[PDB]
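All Cβ positions, even for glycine, are placed from backbone atoms using ideal geometry, and neighbour counts span all protein chains on display. Just so it is clear, none of the values below were taken in a lab; they were calculated from the coordinates.
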Amino acid sequence: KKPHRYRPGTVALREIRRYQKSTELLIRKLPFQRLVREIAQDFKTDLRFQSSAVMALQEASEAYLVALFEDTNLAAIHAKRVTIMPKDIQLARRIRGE
Amino acid sequence: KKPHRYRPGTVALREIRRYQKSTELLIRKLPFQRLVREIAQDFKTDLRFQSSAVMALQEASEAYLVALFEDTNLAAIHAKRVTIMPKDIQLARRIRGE
Amino acid sequence: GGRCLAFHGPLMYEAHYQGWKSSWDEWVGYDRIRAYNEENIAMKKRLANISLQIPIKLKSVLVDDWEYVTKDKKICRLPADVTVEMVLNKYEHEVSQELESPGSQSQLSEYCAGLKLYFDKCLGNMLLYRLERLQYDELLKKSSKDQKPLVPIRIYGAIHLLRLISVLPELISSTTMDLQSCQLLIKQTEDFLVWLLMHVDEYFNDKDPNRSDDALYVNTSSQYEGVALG
Amino acid sequence: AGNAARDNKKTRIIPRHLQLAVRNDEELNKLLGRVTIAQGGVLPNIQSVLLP
Amino acid sequence: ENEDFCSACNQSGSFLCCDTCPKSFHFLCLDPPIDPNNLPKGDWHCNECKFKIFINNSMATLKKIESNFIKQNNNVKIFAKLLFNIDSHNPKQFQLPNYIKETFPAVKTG
Amino acid sequence: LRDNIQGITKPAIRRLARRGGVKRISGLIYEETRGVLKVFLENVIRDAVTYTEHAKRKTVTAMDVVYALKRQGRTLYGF
Amino acid sequence: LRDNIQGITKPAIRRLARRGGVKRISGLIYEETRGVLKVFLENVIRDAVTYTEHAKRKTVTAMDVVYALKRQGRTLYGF
DNA sequence: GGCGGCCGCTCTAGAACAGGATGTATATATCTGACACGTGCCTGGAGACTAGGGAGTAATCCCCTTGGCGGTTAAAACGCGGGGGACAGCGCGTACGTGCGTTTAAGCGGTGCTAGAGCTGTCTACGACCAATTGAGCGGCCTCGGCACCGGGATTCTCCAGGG
DNA sequence: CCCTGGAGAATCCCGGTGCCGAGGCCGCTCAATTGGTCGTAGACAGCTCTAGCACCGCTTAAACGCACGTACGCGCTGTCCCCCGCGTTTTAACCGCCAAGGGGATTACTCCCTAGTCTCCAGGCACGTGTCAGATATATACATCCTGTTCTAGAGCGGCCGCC
């Protein structure tokens, strides 16, 4: 036979429409939870984090990365491109002052 | 007989070095002062501004426009471009949240 | 179990086709062989098997048309003694009786009819400034009250044909056309332009309508201005 | 938010609808521009050059 | 979408607009001249609106209808392409061509 | 007072971009930044108008200009 | 705890880009996004660490995270 | 009798149209899990009272920004010459889109326990407030000196022309 | 086409003025400093109990990795129309100087509701529970995208015909 063989980019907008209308959390909780502990280990060895405390940190980081990805994305069309680059991210942080 | 005929860009770079090391304000006071009264007359009539009040407003306006111009400049070289464009300014405002 | 087991030409079936979607499988029992995976999937599927010129007097005619329409406020006289059908008929008979007859009459009449219906269907779509739109409107309603289909050919002047000739490069460049037909149309256009050149005295007579009844132009009134540019 | 709830056939207010209501309003968007909303997502908008 | 520029004569006045078209027209700058006292009811659509979302582009899409149109209309093919392009074009006022502006430098567009 | 947005002249915008390190400036840039400056001025002055009306004052002081810029994260030093 | 910056996996970064409307995702953006996320987390958590020590508490609560995000202009609703 | 022009025949193919494909939009069945109503309090604000103190208002005053001019040299603007670059276009490519095999940990549910934040007393120094006092910050004046201004001179990095 | 010598003009270091803003001085006065005195927030000691840390089973959707190819990133060419450098003639900018009259800043008389309580009670909060909209699930069903087949211009080619 012959598979359907979706063209490169068609599934990209399909994932764009799905994640822009559903509010599920894309990052898994446990990998983000353990990353918080190793970051906070450099500031305080004997430290604990609540279940809702890690919950509050994750959505703030998720929305910040998505907003950064939004500024990263429209920089490509400004640069006559469709692919995000690390120099586009450094463009976004410098303009935003971060 | 032959004129000097400076190529474009070198005097522009020279004007960059002369004005970045300068202190004085580029925009004249009287054109900027009359623009302030015209804008304020649409909000409240019979309104006066002090000489230091216009002086404080003018310094902040130049620094805000210069900081926008720096972000416009690095957006151009990000897009493999030398000359700034009006779409670059619209890009800078959206990323900055203004 | 296993790696390749199918009754038909196998594609590494495991008791599942690898590289294919899950809901394409079959689980019936038949005679299944390997044959070294149909001899390496049959040798890997058998080893992948436009410029137009106008004379300066005529351009002067268009620009003073523009002056009379927009600045001097003068619109064209509808009951003119000369209509575009008479212009094209005089063109066709004059150039038929001037030269010989080698077969040019066929495409001559073809161009005449094509220009006739083009002027019929292009009077109010490229031409006709906003000032004369209500002129066209009152022509249509005065013909609709008479139960007669109104044609621009019988009543309009050749100045609007000159306008169509002037905007002909824009319409030609905006359409996909053959090269030979375009050059033939250009040659016929230039022939019509030199015909208008030699008959320039008796066709576009410069007259002021402020003191004459017939000047192929009439003047705008106050209510005309108020309903046109209001 | 109640108007946005009727857009997706919902009769209960969900934080997705609250984020949709805030960002849709032009005045509310720049007022809460520095405000993060949890379980709200972003507006489902696609650039013109992205569509094939 | 609606506009307040009326891109048929670049002037102002009484405007009408289409639902799916962002171009505005006056009551006089149209192929059918219509008065506000007897304006048609329902939706109003332009000529290329009738050519884009309506017949010859939705059903019986413009595959080769120009050539069979030429065959039907008794071989006016040196003008039949312009007759076809008449339908796929919005009505507008006459505007002077660009190459007439260059030969007379004394006149400038207002 | 009319047509006061033209007070910000074309080389004045060019001089501002020379301070920003801009190599070349497009001709459509000047019209764009005039609207940007007008939008920025329409927010600080309006905020300073509320500051002036709150103090029962008829003239906008430089103190109110600083507070108008401070609340938007654009604090000015030296008044 | 070591090797935890790789917890933000390749599809996890891709899913974040899909929420932001990104059509094409480069292979070099995963290291860049991890560094930006680590930099952003090193400021919010450290600010929340100072809030935790001042409150005489040895466990970080969600209330201090809101306070840490509020002072940087990134206030979170819903805690 | 040979050759250019004209028209029919045939290969190529641009792109609309129909069918298969896979991930979602709906059509119930049913769980389900917080949602809001009811109840029982119970803790915080409202009627009412005591006293007072900082602004509204009036007056003064002095101050300071606007209007309104000549002047003149800095420069905006118009226009000519021209110059290098944004974008249309084409080609190379590799690297990231898509598809799944395969491993691998996220998460649900469960168990145990201590790390520790509220909670309740308890006792204890601490800062607002009241007499009492007091000492250099600041308005302003005398002095003074660092660099704007004006030129003079100069090295110093840049462009145009000649040679290989 | 690239490397190197000479010179036009913007730029940098330096001698001399002096001048107008900065540094130090005169009081003194209003905010900074000293001592006592309590209501009161806070540190400290013991209880606890509800949520987090650590490990287990599995299972399954999430994730690492390899094969293939076409949308797109990047390298290279032209160009022309868009923008810079400079001559020229206006043009408004600011210091020079002058009134001025609304208006910022300061002082006092007086007035009302907010500082501070007593009491309570009707709205507000914790708890218990029937309940009503959302999610799981699957056949059915949209729904647009990709791909296979096709329908007639477009161009190339060859046969036929008139002319020298």
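What percentages, rounded to whole numbers, describe P(r) for the protein assembly as shown computed over all alpha carbon pairs with 20 Å bin width beginning at zero?
All Cα pairs considered, the percentages come to 12, 28, 32, 22, 6, 0.
On the first, second and third principal axes, largest extent first, how far apart are the outermost C-alpha atoms of chain G in Å?
Principal extents (Cα only, largest first): 46, 31, 17 Å.
Find every distance from the label point of A:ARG93 to the corresponding label point in the other copies (7 Å from Cα along Cα→Cβ) and write them in nm, one decimal, shortest first.
With the label placed 7 Å along Cα→Cβ, A:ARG93 yields 2.7 nm.
Which entries of A:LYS21/D:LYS9; C:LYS74/E:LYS101; C:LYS90/E:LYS77 show an alpha-carbon separation above 18 angstrom in the structure shown?
C:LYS74/E:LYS101; C:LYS90/E:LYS77, as the Cα separations exceed 18 Å there.
Averaged across the residues of F:63-74, what count of C-beta atoms belonging to other chains lies within 10 Å of each residue's C-beta?
For peptide F:63-74, the averaged partner shielding equals 3.
Could you tell me the center-to-center distance, by alpha carbons, between the range F:1-62 and the range C:50-126 in angstrom?
Their Cα centres are 56 Å away from one another.
Can you give me the long-range amide H partners of C:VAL218? Hydrogens built in the peptide plane at 1.01 Å from N, cutoff under 5 Å, separation of 5 or more residues or another chain.
C:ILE75, C:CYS76, C:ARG77
5 Å is the cut-off here: which amide hydrogens, built 1.01 Å from N in the peptide plane, fall below it relative to G:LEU76, excluding neighbours closer than 5 in sequence?
Amide H to amide H, under 5 Å and 5 or more residues apart or across chains, G:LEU76 pairs with D:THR36.
Note down, for the range C:68-110, the three equivalent ellipsoid semi-axes (square root of 5 times each alpha carbon gyration tensor eigenvalue), biggest first, whole angstrom.
Calculated on Cα positions only, the semi-axes equal 34, 11, 9 Å.
How big is the shadow of the Cα convex hull of chain E, averaged over all directions, in nm²?
10.0 nm²
What's the local net charge at B:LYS29, with K and R +1, D and E -1, over the other residues with C-beta under 13 Å away?
0
Provide, as a two-decimal number, the C-alpha radius of gyration of the range C:1-156 over 2.2 N^0.38 Å, N being how many residues it has.
2.55
Order these peptides, A:29-36, E:69-76, by their mean beta-carbon neighbour count within 10 angstrom, highest first.
Packing order, densest peptide first, comes out as A:29-36, E:69-76.
With each run of n ≥ 4 DSSP H residues scored as -39500 (n - 2.57), what mean residue ellipticity at 222 nm is computed for chain G after dividing by its residue count and rounding to the nearest 500 deg cm²/dmol?
Roughly -18500 deg cm²/dmol at 222 nm, from the helical runs in chain G.
When you look at the Cβ of every residue in E:23-33, what mean number of other chain Cβ atoms sits within 10 Å?
Counting other chains' Cβ atoms within 10 Å and averaging over E:23-33 gives 4.
Give the separation of the Cα centroids, chain D to the range E:1-57, in Å.
Taking the Cα centre of the range E:1-57 as reference, the centre of chain D is 34 Å away.
As a check on your reading of the symmetry: which chain B residue has its Cβ nearest the axis that brings B onto A, and how far is it in Å?
B:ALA79, 2
Distance in whole Å from the G-onto-F rotation axis to the closest C-beta of chain G, together with the residue it belongs to, please.
G:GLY73, 4
Taking θ = phi - 60°, what integer Hz values does the Karplus form 6.51 cos²θ - 1.76 cosθ + 1.60 yield along the range D:31-36, in sequence order, with x for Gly and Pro?
6, 9, x, 8, 10, 9
For peptide E:95-102, how many partner chain Cβ atoms fall within 10 Å of a residue's Cβ, on average?
Per residue, the average neighbour count from other chains is 5.
Between copies, how close do the A:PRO8 label points come, placed 7 Å along Cα→Cβ, listed in nm from shortest?
3.7
Using the structure shown, list the pairs from A:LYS87/G:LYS23; C:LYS71/E:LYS23; A:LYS2/C:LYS44; D:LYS30/G:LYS70 with a Cα-Cα distance above 20 Å, or answer none.
C:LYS71/E:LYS23, as the Cα separations exceed 20 Å there.
For the range G:1-39, which trypsin sites (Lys or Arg not before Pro) are in a loop by DSSP, counting at most 13 other Cβ atoms within 10 Å?
For trypsin sites (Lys or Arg not before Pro) across the range G:1-39 that sit outside H, G, I, E and B with at most 13 neighbouring Cβ atoms in 10 Å, the list reads G:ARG2.
Summing +1 for each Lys or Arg and -1 for each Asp or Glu, what net charge is found among the other residues whose Cβ lies under 15 Å from the Cβ of G:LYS58?
+2
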